[PDB]
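In what follows, a structure is listed as C-alpha cells, so that the remarks can point back to it.
Here the Cβ positions follow ideal geometry from the backbone for every residue, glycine too, while neighbour counts run over all protein chains shown. Please treat every number below as a calculation from the coordinates, not as lab data.
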Amino acid sequence: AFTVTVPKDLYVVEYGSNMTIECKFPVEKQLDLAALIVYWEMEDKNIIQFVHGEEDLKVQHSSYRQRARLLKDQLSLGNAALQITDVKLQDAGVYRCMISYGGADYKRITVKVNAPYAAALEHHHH
Amino acid sequence: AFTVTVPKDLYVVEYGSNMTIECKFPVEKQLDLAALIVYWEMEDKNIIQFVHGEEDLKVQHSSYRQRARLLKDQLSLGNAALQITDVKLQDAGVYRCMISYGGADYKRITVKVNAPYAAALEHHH
Ligand SMILES: Cc1cc(CN[C@H](CO)C(=O)O)c(OCc2cccc(C#N)c2)cc1OCc1cccc(-c2ccc3c(c2)OCCO3)c1C
C-alpha cells in the first residue's frame, strides 16, 4: 500500500526563523516526475501545488507568497520537503501534505511558533 | 486541469434521514478502475477509501460503520457519491472528497444537521 510518512509530526519554530517540514513517499528506482503530484496546505490555505513536474507558484495563498517552496531536489529521494522562510505567528497550525504517485495518501504535521511579546502583540491586534 | 466539482457545497439534513453528497470527476469514455482512488473524510476521520476497485472495509472510522457507502455504479458516470444513512448530529461538519484519476483534486462540502430536542442531548456527549 502507498504510504506517506513523516519523520516528525510536530515542529517548534521561532518567529522570524526558517523551517523545513518533510513528508516521505516511496520511490522505487528513479522518480517519474510526470506521475507525481504534491500538494501542501494549512487550514484550507493552498501552499504548494506541484503537478507532473510543473509547479503552480502563483496560486499559493497570499499569506505564503514569496515565503514557501518545495525543495525539488528532495523529490527524487522520495522527500516532499516544504521550506517556509521568515516564519510568522499565522504559520502555526496543522499542515497537510497530499501525495499522488501510483497510489495516494496524506499526513498531518503540526507547527507551533514561539514569539516574543512584540511580535505577539502585533499578531494580537492585526 | 483535472477538476473535481461539487454541485452543492452545502447540505442541510434532518437527524435520522439519509443523505447523498455528491462529487463529480471527469471520465472521458470507459472508466479505468485500476487508476481510480476515491477517498472521503470528515475532520480527518476516514469514511471511504476506494482503491484498485475495492473498498478497504476495516479502515472506516467506527462512527460511520454500517452507515456510509460509496455507490459503485455511479463511478463509471464520474460520480463519487457518498450515501450516509441514519444521519446523526455528529455527522455535521466539513467533508472532503479526494479523488485521484490521472490527476488529483478535492472539494469541501459542509453538512448541517437539524434535530429535535431529544436527539440534541448529544449535548451530554
Ligand atoms: C487511498 C488513500 C488511503 C489512505 C490510507 N493511507 C494509509 C497509509 O497512511 C493506508 O493505506 O493504510 C489515506 O489516508 C488518509 C489518512 C491520513 C491520516 C489519518 C488517516 C486515518 N485514520 C487517514 C488517504 C487516501 O487517499 C488520499 C488521497 C486520495 C485521493 C487523492 C489525494 C490527493 C493527492 C494530491 C492532491 C490532491 C488529492 O488534491 C489537490 C492536488 O493534490 C489524496 C491525498
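If you check B:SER17, B:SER63, B:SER76 for being under 15 Å from the mean Cα position of the chain (by Cα) and of a type in the set (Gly, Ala, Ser), only one passes: B:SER63. In the stretch A:79-122, the qualifying residues are those that are within 14 Å of chain B (Cβ to nearest Cβ) and at positive phi, and the one that is farthest from the ligand (Cβ to nearest atom) is A:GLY93. Of all positions in the stretch B:8-16, none carries a residue that is closer than 22 Å to A:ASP105 by Cβ and surrounded by fewer than 18 Cβ atoms within 10 Å (Cβ to Cβ).
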